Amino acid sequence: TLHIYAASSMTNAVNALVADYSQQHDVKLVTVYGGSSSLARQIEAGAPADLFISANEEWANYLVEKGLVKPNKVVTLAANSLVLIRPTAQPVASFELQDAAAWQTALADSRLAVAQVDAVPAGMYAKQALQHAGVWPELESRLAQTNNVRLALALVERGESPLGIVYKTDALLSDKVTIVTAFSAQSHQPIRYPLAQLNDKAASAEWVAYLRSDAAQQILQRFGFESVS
């Protein structure tokens, strides 16, 4: 039994990857999805985990620093971009991201859906982008912060939040939301997903080899992830 801990934004792609792999190989792959920060802290506490996929470099390096992953057992798997979404049934024309007043008009009496901004990668990237737009001090007090990016997505899908900040890949799989605009590359740190191998089991190594292979990369591309050079 292999235990894979993966950022919530990886839910669908890892499910697809497990499915593809599981036909050629007689191994039981068990998956746990959640915010990358929470997953990492669970692993640090001793949770059985063979592999970890984070939505930022920092949480995988956290495990290296603590001595639970060797530095050469982390490889970058994929990249993403960050988007502003709305519920499909609630239209809002795009606006100047640096226009704090246009944010407060779109929000109206609601809150901006984001993952927890201090620790969850999607929240950290959101905060960076809003800081870069020059609108953070205004929006600071108008967030609905969730434990992971998929819970942020769901607030928007339900129409509870009229705007949210998620990854491009999260929007792409949902018909209940529409992309308002994408944040610029300059607005946040490049979104990169490391894959950390937490032990030397042969099965962990063969999984990693598959995840780095062309077959796995084609699946990640189809779910909307970006390649890394």
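Numbers follow the displayed sequence, beginning with 1.
*Asks:* Mean Cα B factor from the PDB record: higher for 25-33, or higher for 182-190?
*Replies:* Higher mean C-alpha B-factor in the PDB entry: 25-33.
*Asks:* Look up the CA B-factors in the entry and say which stretch, 12-20 or 201-209, has the higher mean.
*Replies:* Comparing averages over the C-alpha atoms only gives 201-209.
*Asks:* Sort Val74, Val149, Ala108, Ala78 by C-alpha B-factor from the entry and give me just the highest.
*Replies:* Spelled out: the listed residue with the top C-alpha B-factor is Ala108.
*Asks:* Could you tell me which one of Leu97, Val120, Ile85, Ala126 shows the highest CA temperature factor in the PDB record?
*Replies:* That would be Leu97.
*Asks:* By the recorded C-alpha temperature factor, relative to the other modelled residues in its chain, which third is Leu153 in?
*Replies:* According to the entry, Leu153 has a C-alpha B-factor in the chain's lowest third.
*Asks:* Quick check on the deposited entry: does the C-alpha B-factor of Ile53 sit in the lowest, middle or highest third of its chain?
*Replies:* Lowest third, going by the recorded CA B-factors of the chain.
*Asks:* What third of its chain, lowest, middle or highest, does the C-alpha temperature factor of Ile219 fall into?
*Replies:* Within its chain, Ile219 is a lowest-third residue by C-alpha B-factor, going by the deposited values.
*Asks:* With respect to C-alpha B-factor, does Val69 fall in the lowest, middle or highest third of the chain as deposited?
*Replies:* It belongs to the highest third of the chain when residues are ordered by C-alpha B-factor.
*Asks:* Comparing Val114 with the other modelled residues of its chain, is its CA B-factor in the lowest, middle or highest third?
*Replies:* Within its chain, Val114 is a lowest-third residue by C-alpha B-factor, going by the deposited values.
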